[PDB]
Amino acid sequence: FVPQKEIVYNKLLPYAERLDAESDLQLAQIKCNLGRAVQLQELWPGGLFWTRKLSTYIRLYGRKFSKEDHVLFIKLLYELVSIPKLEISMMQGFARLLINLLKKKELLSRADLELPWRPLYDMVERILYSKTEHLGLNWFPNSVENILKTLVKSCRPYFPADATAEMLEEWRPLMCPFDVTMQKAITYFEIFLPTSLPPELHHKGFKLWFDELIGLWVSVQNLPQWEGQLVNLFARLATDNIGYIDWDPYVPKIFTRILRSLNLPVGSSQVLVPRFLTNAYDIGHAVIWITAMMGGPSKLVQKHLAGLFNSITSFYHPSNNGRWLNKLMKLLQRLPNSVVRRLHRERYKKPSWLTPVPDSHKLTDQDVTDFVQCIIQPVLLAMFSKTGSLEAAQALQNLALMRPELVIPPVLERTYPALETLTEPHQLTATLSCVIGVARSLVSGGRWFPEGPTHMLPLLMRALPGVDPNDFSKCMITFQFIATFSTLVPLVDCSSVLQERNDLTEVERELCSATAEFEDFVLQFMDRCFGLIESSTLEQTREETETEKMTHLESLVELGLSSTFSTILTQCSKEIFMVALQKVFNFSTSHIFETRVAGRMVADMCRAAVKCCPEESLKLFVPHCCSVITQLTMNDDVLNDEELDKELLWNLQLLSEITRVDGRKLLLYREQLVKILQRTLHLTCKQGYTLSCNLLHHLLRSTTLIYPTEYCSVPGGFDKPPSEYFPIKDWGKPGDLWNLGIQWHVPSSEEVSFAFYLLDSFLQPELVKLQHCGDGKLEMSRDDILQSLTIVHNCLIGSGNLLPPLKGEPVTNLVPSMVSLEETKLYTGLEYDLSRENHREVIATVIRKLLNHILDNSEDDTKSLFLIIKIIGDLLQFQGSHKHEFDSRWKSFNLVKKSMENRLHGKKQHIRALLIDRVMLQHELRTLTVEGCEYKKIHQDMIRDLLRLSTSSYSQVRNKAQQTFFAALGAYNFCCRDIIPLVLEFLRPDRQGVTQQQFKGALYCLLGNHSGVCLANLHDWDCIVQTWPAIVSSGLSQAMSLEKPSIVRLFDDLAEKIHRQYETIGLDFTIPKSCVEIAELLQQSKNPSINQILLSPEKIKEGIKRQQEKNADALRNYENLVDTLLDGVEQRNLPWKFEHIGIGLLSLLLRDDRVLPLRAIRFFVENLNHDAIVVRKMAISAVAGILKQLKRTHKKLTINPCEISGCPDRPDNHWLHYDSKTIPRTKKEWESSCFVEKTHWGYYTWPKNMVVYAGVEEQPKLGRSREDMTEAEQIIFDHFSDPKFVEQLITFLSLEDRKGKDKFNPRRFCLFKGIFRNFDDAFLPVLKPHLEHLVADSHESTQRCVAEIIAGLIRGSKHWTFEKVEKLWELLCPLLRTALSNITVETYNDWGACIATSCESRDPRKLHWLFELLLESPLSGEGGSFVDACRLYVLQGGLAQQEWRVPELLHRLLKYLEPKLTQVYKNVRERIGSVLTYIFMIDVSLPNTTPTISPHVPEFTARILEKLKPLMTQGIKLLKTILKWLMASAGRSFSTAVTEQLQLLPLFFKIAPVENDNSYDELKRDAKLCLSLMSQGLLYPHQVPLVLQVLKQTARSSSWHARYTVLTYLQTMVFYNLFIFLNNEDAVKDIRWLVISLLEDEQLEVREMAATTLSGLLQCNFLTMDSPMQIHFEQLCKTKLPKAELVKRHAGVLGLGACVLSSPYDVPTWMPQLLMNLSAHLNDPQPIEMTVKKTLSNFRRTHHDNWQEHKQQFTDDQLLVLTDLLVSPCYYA
Ligand SMILES: O=P(O)(O)O[C@H]1[C@H](OP(=O)(O)O)[C@@H](OP(=O)(O)O)[C@H](OP(=O)(O)OP(=O)(O)O)[C@H](OP(=O)(O)OP(=O)(O)O)[C@@H]1OP(=O)(O)O
Ligand SMILES: O=P(O)(O)O[C@H]1[C@H](OP(=O)(O)O)[C@@H](OP(=O)(O)O)[C@H](OP(=O)(O)O)[C@@H](OP(=O)(O)O)[C@H]1OP(=O)(O)O
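(A) The arrangement of the overall build of the protein chain in detail. Across its full length, the protein chain holds 76 helices and 2 strands. Taking 2.2 N^0.38 as the reference for a compact globule, 1773 residues should give roughly 38 Å; the C-alpha atoms of the protein chain span a radius of gyration of 40 Å, in line with that estimate. C-alpha atoms of the protein chain, sized along the principal axes, occupy 115 × 110 × 70 Å.

(B) Expanded view of the environment of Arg1308. Mapping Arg1308 onto the fold places it in helix α53 (residues 1306-1319). When the C-alpha atoms of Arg1308 and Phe1280 are compared, they prove to be 15 Å apart, with 28 residues separating the residues in sequence. In this view, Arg1308 contacts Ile1180, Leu1293 and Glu1348; residues no more than four positions away in its chain are not counted. Of note is the side chain of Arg1308, whose polar atom sits 2.9 Å from the backbone oxygen of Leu1293.

(C) Representation of the packing of α53 against helix α55 (residues 1340-1356) in the model. Put simply, α53 and α55 touch, their axes get as near as 8 Å, and they point 40° apart. The pairing of α53 with α55 is recorded here as oblique in orientation. By crossing handedness, the relation of α53 to α55 is classed as right-handed. In this structure, α53 uses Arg1308, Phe1309, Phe1312, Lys1313, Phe1316 and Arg1317 to contact α55, whose residues at the interface are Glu1348, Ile1349, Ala1351, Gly1352, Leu1353, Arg1355 and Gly1356. Here the contact of α53 with α55 is built from residues that sort into 6 nonpolar, 2 polar and 5 charged.

(D) Local environment of the pattern of salt bridges. Ionic pairing is found between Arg257 and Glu227, a salt bridge with its closest N-O pair at 3.1 Å. Placement of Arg257 in helix α10 (residues 251-260) and of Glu227 in helix α9 (residues 227-240) is noted, with a sequence separation of 30 residues between them. When the shortest N-O distance is used, the salt bridge between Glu710 and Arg912 registers 2.5 Å. Separated by 202 residues along the polypeptide, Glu710 in the loop between α32 (688-702) and α33 (749-757) and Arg912 in helix α39 (residues 912-926) bring together distant segments of the chain.

(E) Structural view of the environment of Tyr1604. Turning to its location among the elements, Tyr1604 is positioned in helix α67 (residues 1600-1610). Expressed as a C-alpha distance, the spacing of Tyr1604 and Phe1549, which sit 55 residues apart in the sequence, is 8.4 Å. Among all residues touching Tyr1604, those that are not within four sequence positions of it are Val1554, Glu1645, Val1646 and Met1649.

(F) How the structure looks around the side chain of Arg63. Residue placement: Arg63 occurs in the loop between α2 (46-61) and α3 (67-81). Polar side-chain contacts of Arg63 include one of 2.6 Å to the backbone oxygen of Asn100. When sequence neighbours within four positions are dropped, the list of residues in contact with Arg63 reads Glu6, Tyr57, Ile58, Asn100, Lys103, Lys104 and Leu107.

(G) Up close: unusual backbone geometry. For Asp1320, which is not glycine, the phi dihedral falls at a positive 60°. Locating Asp1320 in the fold gives a position in the loop between α53 and α54 (1328-1335). You will see that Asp1321, though not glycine, has its phi angle at about 40°, which is positive. Looking at where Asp1321 falls in the secondary structure, it is placed in the loop between α53 and α54.

(H) The packing of helix α29 (residues 622-632) against helix α31 (residues 670-680), seen in detail. In the contact formed by α29 and α31, the axes pass within 10 Å of each other and the chain directions differ by 30°. Classified by the interaxial angle, the pair formed by α29 and α31 is roughly parallel. Once α29 is placed against α31, the crossing between them reads as left-handed. Of α31, the residues touching α29 (which contributes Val622, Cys626, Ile629 and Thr630) are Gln672, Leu673 and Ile676. Looking at the contact of α29 with α31 residue by residue, the classes come out as 5 nonpolar, 2 polar and no charged.

(I) Highlighting the UniProt feature "repeat: HEAT" in the protein chain. What UniProt calls "repeat: HEAT" maps, in this numbering, to residues 450-494, 973-1012, 1154-1192, 1321-1359, 1581-1619 and 1625-1663. Secondary structure content for residues 450-494 is 42% helix and 0% strand, while the C-alpha to C-alpha distance between its ends is 19 Å. Spanning residues 973-1012, this segment combines 48% helix with 0% strand, and its end C-alpha atoms are found 14 Å apart.

(J) Structural context of the packing of aromatic side chains. Taking the centre distance of 5.5 Å and the plane angle of 45° together, the rings of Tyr158 and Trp353 count as tilted. Placement of the pair is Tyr158 in the loop between α6 (144-155) and α7 (182-192) and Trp353 in the loop between α13 (325-347) and α14 (365-372), with a sequence separation of 195 residues. Seen from their ring centres, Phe210 and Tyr250 are 6.2 Å apart, and the 90° between their planes marks the pair as edge-to-face. Taken together, the positions of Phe210 in helix α8 (residues 210-217) and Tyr250 in the loop between α9 and α10 put the pair 40 residues apart, joining distant regions of the chain. Counting every residue linked through ring pairs, the aromatic cluster contains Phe206, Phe210, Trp217, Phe234, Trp247, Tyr250, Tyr281 and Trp289. The ring of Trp50 is capped by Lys53, whose NZ or CZ atom sits 4.4 Å from the centre of that ring. The aromatic ring of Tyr9 is capped on one face by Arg918, whose charged end is 4.5 Å from the ring centroid.

Parameters and conventions
- Residues numbered from 1 in each chain as written, not as in the entry; some residues may be left out.
- Chains lettered and ligands numbered in written order.
- Part of a larger assembly, values for the part shown.
- Heavy atoms only, no water.
- Residues with missing side-chain atoms left out of burial classes, pairs and counts.
- Helix = DSSP H or I, 4+ residues; strand = E, 2+ residues; numbered from the N terminus.
- Rg over C-alpha atoms; globule rule 2.2 N^0.38 Å.
- Contact = heavy atoms within 4.5 Å.
- Polar contact = N/O pair within 3.5 Å; in protein donor to acceptor, adjacent residues only side chain to side chain.
- Axes fitted to C-alpha atoms, helices over the stretch in contact; angles between N-to-C directions.
- Parallel < 35°, antiparallel > 145°, perpendicular 65-115°, else oblique.
- Left-handed = near helix turned anticlockwise from the far one by under 90°.
- Nonpolar A, V, L, I, M, F, W, Y, C, P; charged D, E, K, R; others polar.
- Salt bridge = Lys/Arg side-chain N within 4 Å of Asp/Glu carboxyl O.
- UniProt positions renumbered as here; feature names shortened; annotations may be inferred.
- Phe/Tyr/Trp six-rings, centres within 6.5 Å; stacked < 30°, edge-to-face > 60°.
- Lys NZ or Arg CZ within 6 Å of the ring centre and 35° of its normal.

The following block contains the structure:
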């Protein structure tokens, strides 16, 4: 038996008694056939048909199986995605299911399930880091990167406990921080490392790697691509292991980089902008990482949040918007969203095997109060931003779940002045948006904020002018405002409870007296909405046309008034209803509205009046409307007409859109509705019958659908028990899911026999007229058929719940299967006895005769053909609900649910009006979940009749028919195999008469033009072997008008959809022997498994035999697809545009598991010399992949690195010396040298198996001829030996594809890499002239051509014998010396990526000929100076790519440059500075490292100071190389400030100018923006005594330029390091000394920057405004002036003014005092007089935003001082 693990919302559903017998029968059919599909070696029909059906079963019944059945499903799905080398598209199909079984962690414990991880790594590395799939060998899906990560994430908490040191042993040797192989490891660490381990396993957890990898993270100070992965790792480590990390030693380093990742402009020049900060921290991962730190006993992370926001409050102000605001609004959206989820995780979540937080690490009531109080001031400034109020109201909702008494009064103090202002209208858009998130916490008066619903009704009454027909932004947010209040509070009078009753409290009796205005709200809501309608009627201005479409902005106001009025009028007492029903009736019947805009809009407002009480409302509408239709239609002969009377034509829509109340209470009016349908449905006016068809439609909709009738917040309703319960208690009703009290409308036999009586009196008389017209015996008009089809369409679409689909079962051509392919059946509650009529089959036979008559006898009747598409679109796939209306109510539910949800305590607070709709969304999901559908013989005919309409004469008819055609291809099982042979019949050359509409209509059938089914690019060989040749066979002969421009865009879209969507198809579906799990799932499940067969004696041999036949035909159809394309591209009289598609389909077939067939190897090699540049650009990309296929598999062996190097920790070990190329380079005995090819090996640690290549000649033989050769696949040898082929190949490659966009092609490189690797310079004597001719040419086309061949020689010379290596460089070392001599402007990026490419993954031993040539003379300039710079830039990329493997050549190049760097030019200085950052990149100071052999920054900079000692003319020449180096080592080094470089700062301050203008020298201009890059760089917290010693020394007394720039250094250096300094509390006393002691400067320009610095430090709360600060200024202002004393008195006026400018948007308690005595220095002398005039005029500028709130902090005696005061500039005097 099954104890269900987790189910759904189906208990409530009305047919809940039948959801156990139907669910368990499908689950038993899952266990049978999914086990039998795997065990009978079948994945093409059957492995996917029951993976989809379990994917359907999870999305329909929750889990609803047992724990033993849940580990059978996981361990079957896991072993299928971990098959070695599957088909990768079906690997995702098993993947998304296997994510769904595992994403709910609480369902399966750790002791109940375990999964290995190395099957995931071979799965990931083949799909994510494939060594193919850039040469054209594999073709992956587009979604493969994120599905595999979210699968490992779902499999990660079930990895075994001994399998993370097993995981820290494999990629820990990849952590050399210089190669690209480190972010290989760090992305594996973020994905694979187990962090959600139980607390008895942390020693086998993060403690193996935490201090090893947080110590790496704190030591970088660049921003690599892998630093953003560790913040995604450490966040996930933090959020699971709360209370087991001590983040306190690392918390100032964490918040200083979250601040730094905001990238805030600070300093009034503020940037020599580092472009390395493109990569940064995803703050959405940082919010996860702050939130998991807060609950500690020492509240240390809390004040770093208060230090964070208070430093950035001025950026949330709505005047200060900029680039930073998108990260900064996103920070407010997520931190209250995440603190609440942590509070739900520790207060209301049920326990599971996931470890809870400890009691010591849990958020206290103080801790969440102090979180709101440090975020409330930035969220209220975000409320009024220019970018909207969406991010603030989502923040303000989640803050209101925690502390309502602290967050709701600061909002409603700004809301009441916003609803009555008539000036600053933006608040009403933004304050109302924020009360809607507040609304759940506002109407619910808790034990802290009980005054909430006192503000309910006055905000609700003052919002009534918001419904105005002038704004629509106010009107939508007003309709959203009142509907979100009038679904919380019942609108009931409370006066009979206002008598003697002791239940009312002080606040609750204040509510009941205010409920006298509930009727006055609803009636004034209507008188405001009637003017909203009657002033929005449609004006017919243009006399020719008729605007019939309600626009999108007006369709929202219909639905916005259909929502916001039906929610008032449901949440409403019956006494207030019926006095408001008459206001609707006395409006909508005394007027005559235009039926287009105001017709849909009045009748929807009446539709709301009927759906709330259908008895009392239908007593007066349908007697009124039917008595006036029969008066105004059947009196005269208005059956035949041209235009109806606008009142008759009104009262149909007033009746049609009103008769869709609950269909039980329409049986009273049977003999009135049928009477008008028998009189106005057969009219002549094209709007007259469509309003009558909408009447017939909605009557059938109301009498066969299951839907809820009421949507009230209380299940009894607000009307049926008056005064039995007190209504003002259920205002904050949480609306429980159990005992919901939902009321349904299941169709009775009275409502069903009437549903067929309308169908037996209007469908059948409209079907016999269509029958005799399609037979030739009635001959109706063109509009008479059009009128009759609407009756057939509105009876089908509208009563389709009663009509069974089809019968007939087409077989014998589809896919045969060994297992069941039965269609699923879901009882959506109705029987539909299926004995009497079956009306759906009759319509399908009338149409196939009617459509056969119309397409032959009248091909021009378009509007009849549009209806036939609408009926076949509903004869096939229409049960009771619509496939698009469900998707728009699914989105409208998540728009309403996610808006008003109590995230603090779980599912128990969703309101009843949401939950009733979601149960209806569960019924409507079951009405559309037709997963399996058997392709029957009627479905073989109805789609082929759509295929005639998809190819017909008119493009309006073809476009509508193809969309039904494509939707009908996705529904039925194996239809696409039936219809490809039928749709390609319009594309054959041999066809006699095929029109151009016939032709291109069939190519819009192939080009799917949607997201559902691409019919030319299916994922099967039996379909692709027909569609791809037929595209290339078209063209050469067809009726293919290639001169029409639309058909050329069609083939360019049909070819560009194939290359975008194609994904490589498997050839071997060999299910491995490790699927005993399938036998363990078929057998012995038995708890739901009612399937007693359990047999497979020799059917498993038949399944193996049919699989090997599938494996044979998939191999056969592949090699037939190659032959049919080559017979179509080498076809005579093709157009050119059809062979580029034909080569384009051959480039996708080049496979890795196979070798391409012989005629295609001959093809792509011979098409390397093609005249079309597009073809031979593809032949380069294909022959490079052929040479990968023909690779000859070198042998390997394993090195113990203790055996070599003589003896047995992160860099440059003692047992690592053989990897470093200095002296012992191989000259004669080249073998026995242990060449380690790739760079990163052996840096950090050594792997378990360090693997190098073999010795001499154990690799395969190199020099060979055609005798010992594969005699079928090296015809490529025959072409590169022919000198006519080579001389034409060298000639085509030296063309110019473009002059600007012409770079070193990395795909011509892989062409020549695969040549000289595979053939071992058998072609190099045939390329003797064509290498020596191209180097001696001035053209950049040939220098680029030769460079791909040069680097392809070098990286092809990996496995060459020592004879061939020396014979290579004997002609190659003079060849590069020629090329490096004649290097040009358009060539040094080619050579800069030529020999920097050739040093990629080679040992520095094996290429010393470069490193003796490239380091020979880079700056000994034989010709020019730009040549010497380009000769040095190519040296840079080669030495950087062999990063740590060489200490020696870095010294030999540093020893070369250390005399030369003084006497060079600027283009060489910009290279030497770019080279010296790679000479010193190895000096890293990483946490467990060793001082490397590679040259040191401290050993070099001490020599630089020895040469700059006369400065502290030839030293100023040396600064232009040091400054250009310190510009390059800004973010391009692993430690941005070595302490010997820090005293280069006082030499830079006296040079860097003040104004920073373009008129200064290059020494000055490069010294100013070198200080900007060092201040904006980080620093370790043991450098705060070291840099502050420098800046106190530099600003002590040197020169006023240096005192100025120390201040502008500080302001953008204690901000980007703001929490390093605030941890070292001795440093903030030294900043406060230096800034204040430099207000006393002898230079005025220094001291005003000292006050600008101090004003910002006070503003970011780096310096608290203590009392001895103000005593130091207030006892400095009162200073006598006898005539040094002037500068002494001024510095107090700077100091008072610095405090004034420090709070620009608030007036604190200290603020009015130090404005009054600040204003007393206004008649002071002139240096003081400017400053007081600058400070007060800047005060008044920033304080006119909300000065009415600022003036209350002033006395009335002090307002007369500040208002009447002169601070005006010179041009007012
Ligand atoms: O069916 P939908 O629309 O796709 O949405 C499902 C979600 O998708 P899924 O069912 O897995 O496909 C699933 O969320 P995730 O698995 O992704 O986390 C459920 O979460 P869960 O219940 O496990 O988690 P908890 O209860 O929130 O802790 C439900 O989310 P809540 O409302 O928060 O959950 P409640 O249903 O209210 O209990 C939600 O049910 P609704 O239909 O009402 O939106
Ligand atoms: O010398 P490289 O240009 O750096 O290329 C090598 C080379 O691949 P090619 O056959 O394309 O030249 C290796 O092949 P072998 O010498 O071992 O025959 C291959 O090794 P595998 O075939 O075992 O994959 C290795 O790949 P890897 O670094 O994953 O070991 C790959 O290096 P790249 O992937 O960086 O190109």
